[PDB]
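Fold and geometry: a report
Spelled out from the first residue to the last, the chains are:
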Number of protein chains: 2
Amino acid sequence: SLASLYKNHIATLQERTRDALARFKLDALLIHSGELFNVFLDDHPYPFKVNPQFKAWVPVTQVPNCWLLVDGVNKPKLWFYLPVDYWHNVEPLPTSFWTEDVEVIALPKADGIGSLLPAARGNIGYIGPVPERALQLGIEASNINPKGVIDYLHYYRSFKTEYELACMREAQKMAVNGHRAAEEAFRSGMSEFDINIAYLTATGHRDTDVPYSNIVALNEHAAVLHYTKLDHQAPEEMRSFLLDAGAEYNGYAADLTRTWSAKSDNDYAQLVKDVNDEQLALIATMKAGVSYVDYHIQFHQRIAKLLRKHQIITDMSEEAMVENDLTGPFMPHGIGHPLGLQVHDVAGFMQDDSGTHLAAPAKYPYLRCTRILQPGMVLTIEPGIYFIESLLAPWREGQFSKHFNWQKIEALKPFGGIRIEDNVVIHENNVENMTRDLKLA
Amino acid sequence: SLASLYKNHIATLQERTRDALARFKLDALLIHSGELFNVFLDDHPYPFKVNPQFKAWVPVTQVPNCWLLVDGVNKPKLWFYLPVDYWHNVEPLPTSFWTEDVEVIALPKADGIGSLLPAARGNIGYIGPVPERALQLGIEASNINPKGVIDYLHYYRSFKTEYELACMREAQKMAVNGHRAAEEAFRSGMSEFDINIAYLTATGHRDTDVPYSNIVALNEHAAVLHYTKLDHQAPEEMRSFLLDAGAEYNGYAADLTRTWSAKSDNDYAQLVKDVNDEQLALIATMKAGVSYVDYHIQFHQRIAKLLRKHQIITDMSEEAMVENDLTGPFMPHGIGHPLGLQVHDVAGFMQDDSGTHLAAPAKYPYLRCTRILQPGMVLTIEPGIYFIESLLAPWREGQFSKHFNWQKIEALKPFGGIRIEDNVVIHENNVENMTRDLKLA
Ligand SMILES: [Mg+2]
Ligand SMILES: [Mg+2]
Ligand SMILES: [Mg+2]
Ligand SMILES: [Mg+2]
């Protein structure tokens with residue numbers, strides 16, 4: 001099943017590659033997995049992060065010095081770095097399903113790749129993180145990471161193959177398990193550090209191989225959007241927990257966010273439940289052929305609803321709240337973004353395979369996606385509401401200050417904020433919510 | 001007390017810097033903490049690894065875009081990157097023990113540094129991982145990471161101040177706690193992954209912030225010198241555990257290795273005990289004024305003694321065993337190296353402040369230290385005995401094959417290997433074993 005899906009994946013990628021080579025007048029693409037490099041003045045290596053364009057073809061993510069030659073017609077060729085040394089642990093020559101559709105060739109020495117490459121290299125496009133290596137290998141200067149080919153392929157990354165979707169559902173499983181374990185850790189009164197430990201234990205991940213840094217935010221930290229630190233002692237009293245964490249399977253990411261209240265009978269808990277319901281309703285409105293921006297704006301309308309309902313903003317209609325941008329400081333980020341091999345996946349602004357860029361509207365400058373919904377797309381939906389003094393301050397001084405319930409805002413600050421993130425897949429007649437299909441409350 | 005020590009530290013570094021600047025004809029050093037950089041084609045950042053030369057002055061290890069300006073006479077100036085935006089964690093400048101000896105100035109934008117630096121930059125030497133940024137700031141290309149100054153400073157990093165020693169002792173405490181918890185995990189039959197969890201829990205480290213990747217090796221994996229993988233299921237039969245792991249405090253590293261046998265009554269357990277005792281005896285022989293190579297060779301003699309005692313190598317004297325290099329494949333690495341801000345600390349081969357280089361002897365090409373011991377040096381002592389087929393097998397094709405007890409070697413291979421590592425401080429008339437002072441058995 002997964003194997004046959006992978007045969008389709010290879011066929012799709014071969015077609016895209018063939019079209020790209022035809023358009024940009026190239027013979028083939030040489031895709032480099034990457035190389036190790038050390039910290040300044042030290043021999044301490046940075047962790048290896050594989051070229052996304054490399055793992056786009058094959059599930060090999062932990063091996064540098066690998067090389068993929070593709071022409072869209074012949075069987076893809078993979079030179080797989082296989083050093084023989086007693087120092088390091090070395091990955092064996094892979095023989096999994098994918099090796100049936102990809103010709104795997106052992107590469108004992110990294111500098112042995114040059115003699116194995118095609119004789120004529122003048123029309124080969126190199127894609128990889130080491131341009132100097134490409135130049136050494138006889139790749140023409142302009143064929144080193146050519147932006148036209150890269151943009152083309154990125155545009156087509158927007159549309160996931162069935163194999164990719166299967167991989168992403170598998171990542172969803174791991175992330176869900178992690179989130180449940182983390183919630184249990186929170187309920188037990190554990191610190192952010194220990195909660196993180198519980199998440200990693202449940203997922204089988206290390207902090208060095210999660211698709212992105214975990215956000216384990218207790219209380220006020222929930223209002224901190226890029227919170228990546230971990231307190232080693234639990235707060236004096238538990239109030240709230242925002243967890244933005246995910247997982248990875250065959251290079252494909254899940255990226256989930258859940259928010260919990262320590263108590264269930266306060267304003268904050270009610271607000272969390274409301275954000276949940278609004279998120280689900282928004283998703284229920286989603287369909288192909290509609291701009292993603294529409295859904296961003298839509299959630300700002302829902303924010304206006306919640307602000308009015310909870311008496312956070314008073315003496316103003318929801319419509320006027322949106323018109324005057326009062327909802328702006330409460331969700332100062334976008335409703336979400338494409339998801340795939342990368343967490344913030346490529347082509348979020350790209351309208352065609354020629355690289356046409358459509359920026360976010362000035363009113364919502366941090367929106368990461370301006371794409372028309374089409375079947376095959378995988379997108380995050382991550383609405384939130386936060387109470388951030390630096391953003392609220394100018395409002396307190398301005399003409400709309402009287403509309404803000406500063407007392408209640410102060411009362412909500414110690415709870416930080418709320419975000420609820422699912423990952424969905426656009427289909428012809430519906431939207432598949434992978435996260436909720438796994439019943440993550 | 002740490003404040004007073006730090007004041008002394010500042011005085012020391014000031015004088016070193018003054019002398020270096022006078023010698024290599026510069027007015028000041030501009031030392032850059034570093035910059036974030038992302039994965040190829042992604043917005044996923046690599047973990048931040050501070051410039052060792054930067055944390056050499058101040059205990060700031062997690063903040064990019066910081067700049068130290070030092071002339072060796074006036075109070076050190078530190079522009080501390082302190083951005084004001086509703087993302088990540090917002091807080092004021094540090095007011096810790098070190099902020100009275102250094103002038104700390106908030107830097108809200110990374111590109112604002114250039115207008116805050118002295119106008120005359122023709123004689124300012126840049127030290128940092130971003131030469132391009134130095135060029136942008138008008139630093140002469142020949143003054144970007146100047147070899148003379150860097151080598152000089154590296155040479156003097158060999159001699160730790162009292163502040164540095166204190167920090168290293170704290171790191172020792174952390175690491176010792178980790179090793180104890182890890183041994184306990186091992187005895188309980190836990191997988192490498194769970195043992196690593198236990199280590200991280202006891203030290204309070206993350207995999208992303210350990211000074212070097214943990215080596216958690218069960219059974220045969222102990223024969224793999226750089227084993228940084230983790231099995232998630234415990235092996236069928238527990239036989240051995242080699243743990244090479246450490247900790248960091250104020251940017252200063254501890255690096256410890258311990259080896260345990262599942263059973264206490266077999267040959268392997270006895271060999272582990274013997275290696276431990278021989279390590280301790282070697283350390284008991286250590287003296288200032290003596291070459292480190294002497295101690296490397298000495299431990300090869302001790303290895304010869306053990307191999308003879310255990311009937312692993314037969315019918316050859318210890319002296320002849322060393323002369324013919326039969327002990328070679330049993331410890332294919334150095335006896336140790338300088339330790340400090342970096343794990344493999346600097347100036348290991350550097351004989352003077354002019355950068356004179358003394359290579360390891362050809363017989364022991366992987367020895368990382370050729371220094372004469374002097375008071376204030378911190379060194380690792382990490383002897384080991386391993387059973388590595390790729391290194392042992394060729395001896396069967398040679399004239400000394402008859403001296404190898406291949407049967408016993410075959411019996412010992414399932415246990416992998418043994419390494420016992422302590423971190424020691426050289427003093428005038430004694431050697432301080434920080435690790436054993438903490439009673440890590
Ligand atoms: Mg997220
Ligand atoms: Mg997201
Ligand atoms: Mg060491
Ligand atoms: Mg070590």
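Conventions used here
Residues numbered from 1 in each chain as written, not as in the entry; some residues may be left out. Chains lettered and ligands numbered in written order. Heavy atoms only, no water. Helix = DSSP H or I, 4+ residues; strand = E, 2+ residues; numbered from the N terminus. Buried < 20%, exposed > 50% of the residue type's maximum accessible area, 1.4 Å probe, protein only. Contact = heavy atoms within 4.5 Å. Areas by Shrake-Rupley, 256 points an atom, 1.4 Å probe, with all protein chains shown as cover. Domains from an automatic or database assignment. Buried area = accessible area lost by both parts, 1.4 Å probe. Salt bridge = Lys/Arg side-chain N within 4 Å of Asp/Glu carboxyl O. Pairing = 2+ DSSP bridges. Axes fitted to C-alpha atoms, helices over the stretch in contact; angles between N-to-C directions. Donors = N, O, S within 2.8 Å, 3.2 Å for Na, K, Ca; no water. UniProt positions renumbered as here; feature names shortened; annotations may be inferred. Polar contact = N/O pair within 3.5 Å; in protein donor to acceptor, adjacent residues only side chain to side chain. Least-squares fit on C-alpha atoms. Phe/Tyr/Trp six-rings, centres within 6.5 Å; stacked < 30°, edge-to-face > 60°. Parallel < 35°, antiparallel > 145°, perpendicular 65-115°, else oblique. Left-handed = near helix turned anticlockwise from the far one by under 90°. Nonpolar A, V, L, I, M, F, W, Y, C, P; charged D, E, K, R; others polar. Expected span 1.5 Å × (residues − 1).

Considering the overall build of chain A
When its secondary structure is counted, chain A shows 12 helices and 13 strands. Oriented by its inertia axes, the alpha-carbon framework of chain A measures out at about 75 × 45 × 45 Å. Expressed as a percentage of the 441 residues in chain A, the buried residues total 59%. Counting only contacts in chain A whose residues sit at least 6 apart along the sequence, the fraction spanning at least 24 positions is 70%. Summed over its atoms, the accessible surface of chain A is roughly 17700 Å², and 51% of this surface lies on carbon and sulfur atoms.

Describing the domain arrangement of chain A
Residues and elements named next belong to chain A. One can read the domain layout of chain A as domain 1 (1-157) and domain 2 (158-441). Of note, the centres of domain 1 and domain 2, computed from C-alpha atoms alone, are 34 Å apart. Taken together, the 20 residues of domain 1 in the interface contact 26 residues of domain 2. Where domain 1 abuts domain 2, roughly 2100 Å² becomes buried across the two surfaces, and 57% of that area is made up of carbon and sulfur atoms. Of all residues in domain 1, the largest losses of buried area upon contact with domain 2 belong to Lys55, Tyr155 and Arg157, amounting jointly to 36% of the total for that side. Linking domain 1 to domain 2 there are three salt bridges.

Some details on the sheet that holds strand 1 (residues 28-32) of chain A
Residue and element names in this part refer to chain A. In space, the five strands of this open sheet follow the order 4-3-2-1-5, with mixed pairing throughout. One side of each edge strand has no neighbouring strand; the edge strands of this open sheet are strand 4 (103-107) and strand 5 (124-127). Between one strand and the next, the sheet's axes are offset by a mean angle of 20°, whatever the strand orientation. Of the pairings in the sheet, the one linking strand 2 (residues 67-70) to strand 3 (residues 77-81) comprises three bridges and is antiparallel in character. Across the sheet, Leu68 pairs through a bridge with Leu78, a residue of strand 3.

Considerations on the coordination of the magnesium ion (ligand 1)
Residues and elements named next belong to chain A. Those donors, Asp244 (OD), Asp244 (OD), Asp255 (OD) and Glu421 (OE), are the protein atoms that reach the magnesium ion (ligand 1), and they lie 2.3 to 2.5 Å from it. In primary sequence terms, the donor set of the magnesium ion (ligand 1) follows D-x10-D-x165-E. Between the two metals, the magnesium ion (ligand 1) and the magnesium ion (ligand 2), the spacing is 3.0 Å, and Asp255 donates to both. In this pair, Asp244 sits in strand 7 (residues 240-249) while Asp255 sits in strand 8 (residues 252-261), placing the two residues 11 residues apart along the sequence. Of the residues examined, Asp244 reaches a relative accessible area of 6% and is grouped as buried. The exposure class assigned to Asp255 is buried, which follows from its relative accessible area of 3%.

Remarks on the coordination of the magnesium ion (ligand 3)
All names here are of chain B. The coordination sphere of the magnesium ion (ligand 3), as far as protein atoms go, consists of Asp255 (OD), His337 (NE2), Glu382 (OE) and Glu421 (OE), spread over 2.1 to 2.5 Å. Summarised as a motif, the one-chain spacing of the donors to the magnesium ion (ligand 3) is D-x81-H-x44-E-x38-E. Separating the magnesium ion (ligand 3) from the magnesium ion (ligand 4) is a gap of 2.8 Å, which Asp255 spans by donating to each of them. Placement of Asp255 in strand 8 (residues 252-261) and of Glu421 in the loop between strand 11 (417-419) and strand 12 (422-426) is noted, with a sequence separation of 166 residues between them. Residue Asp255 shares its accessibility class with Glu421, and that shared class is buried.

Quick word on the UniProt feature "binding site: Mn(2+) 1" in chain A
Residue and element names in this part refer to chain A. Per the UniProt annotation, the sites labelled "binding site: Mn(2+) 1" are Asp255, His337, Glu382 and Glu421. The greatest C-alpha distance among the annotated residues, which extend across 167 residues, is 10.9 Å, indicating that they converge on a single site. For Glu382, a relative accessible area of 9% translates into the label buried. Residues contacting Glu382, with those up to four places away along its chain left out, are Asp255, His333, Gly334, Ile335, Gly336, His337, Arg419, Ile420 and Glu421. Other than its neighbours up to four places away in sequence, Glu421 contacts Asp244, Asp255, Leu256, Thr257, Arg258, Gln279, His337, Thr380, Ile381 and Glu382.

A word on the environment of B:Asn89
Relative to the elements of secondary structure, B:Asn89 occurs in the loop between strand 3 (77-81) and strand 4 (103-107). Dropping the residues within four chain positions of it, B:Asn89 is found in contact with A:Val224, A:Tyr227 and A:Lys229.

Focus on the interface of chain B and chain A
Contact with chain B, which involves 54 residues of that partner, is made by 55 residues of chain A. Roughly 4500 Å² is buried in total at the junction of chain B and chain A, and carbon and sulfur atoms are behind 62% of that figure. Three residues stand out in chain B for area buried against chain A, namely B:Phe40, B:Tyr86 and B:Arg206, and they jointly supply 19% of the buried area on that side. Where chain B touches chain A, the interface holds four salt bridges. A salt bridge links B:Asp207 to A:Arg206, with the nearest nitrogen and oxygen atoms 2.9 Å apart. The tally of links between chain B and chain A comes to 20 residue pairs in polar contact. For the side of chain B that touches chain A, the secondary-structure elements that each account for two or more residues are helix 2 (52-55), helix 4 (147-157), helix 6 (192-203) and helix 10 (389-392) of chain B. Looking at the side of chain B that touches chain A element by element, the count peaks at five residues for helix 6 of chain B.

Considering the relation of the copies chain B and chain A
A rotation about some axis, followed by a shift along it, carries one copy of the chain onto the other. Aligned on chain A, chain B shows an RMSD of 0.5 Å; the corresponding rotation is 178° and the shift along the axis is 0.1 Å. Put plainly, the chains are arranged around a two-fold axis. An overlap of 98% is found between the interface residues of chain B and their copies at the interface of chain A, pointing to a shared contact surface.

Quick look at the packing of aromatic side chains
Residue and element names in this part refer to chain A. Counted under the stated rule, the structure contains 47 aromatic pairs over all chains. Judged by centre distance (6.2 Å) and plane angle (55°), the rings of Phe97 and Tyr163 are tilted. Note that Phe97 is positioned in the loop between strand 3 and strand 4 and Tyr163 in helix 5 (residues 162-187), a separation of 66 residues in sequence. On the basis of relative accessible area, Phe97 is assigned to the partly exposed category, the value being 24%. Residue classification places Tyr163 among the buried positions, given a relative accessible area of 2%.

A few points about the UniProt feature "binding site: Mn(2+) 2" in chain A
All names here are of chain A. UniProt annotation of "binding site: Mn(2+) 2" refers to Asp244, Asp255 and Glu421 when read in the numbering used here. Considering the C-alpha atoms alone, the annotated residues occupy 178 residues of sequence yet fold into one spot, their largest mutual distance being 8.1 Å. With residues up to four places along the chain from it excluded, the contact list for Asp244 reads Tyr212, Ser213, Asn214, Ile215, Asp255, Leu256, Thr257, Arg419 and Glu421. The residues touching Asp255, leaving out its near neighbours within four places in the chain, are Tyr212, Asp244, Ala245, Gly246, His337, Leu339, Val343, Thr380, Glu382, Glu421 and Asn423. A polar atom in the side chain of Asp255 sits 2.4 Å from the side chain of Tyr212.

Observations regarding the packing of helix 7 (residues 267-285) of chain B against helix 8 (residues 292-309) of chain B
Residues and elements named next belong to chain B. Two elements in contact, helix 7 and helix 8, have axes whose closest approach is 10 Å; the angle formed by their N-to-C orientations is 150°. As far as their axial angle goes, helix 8 and helix 7 are roughly antiparallel. In this structure, the crossing between helix 7 and helix 8 has a hand that is right-handed. Contacts between helix 7 and helix 8 involve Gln270, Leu271, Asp274, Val275, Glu278, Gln279, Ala281, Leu282 and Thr285 on the former and, on the latter, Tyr295, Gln298, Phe299, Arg302, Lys305, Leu306 and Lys309. Taken together, the residues of the contact of helix 7 with helix 8 break down into seven nonpolar, four polar and five charged.

Notes on helix 6 (residues 192-203) of chain A
For helix 6 of chain A, built from 12 residues, the straight-helix expectation of 16 Å at 1.5 Å per residue is met to within 8% by its first-to-last C-alpha distance of 16 Å. Most of helix 6 of chain A is tucked away: nine of the 12 residues are buried. When helix 6 of chain A is considered as a whole, its buried residues turn out to be A:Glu192, A:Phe193, A:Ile195, A:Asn196, A:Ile197, A:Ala198, A:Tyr199, A:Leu200 and A:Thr203. Those residues of helix 6 of chain A that are buried are in contact with helix 5, strand 6 (215-218) and strand 7 of chain A together with helix 6 of chain B. Immediately downstream of helix 6 of chain A, the backbone of A:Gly204 shows phi near 80°, a positive value.

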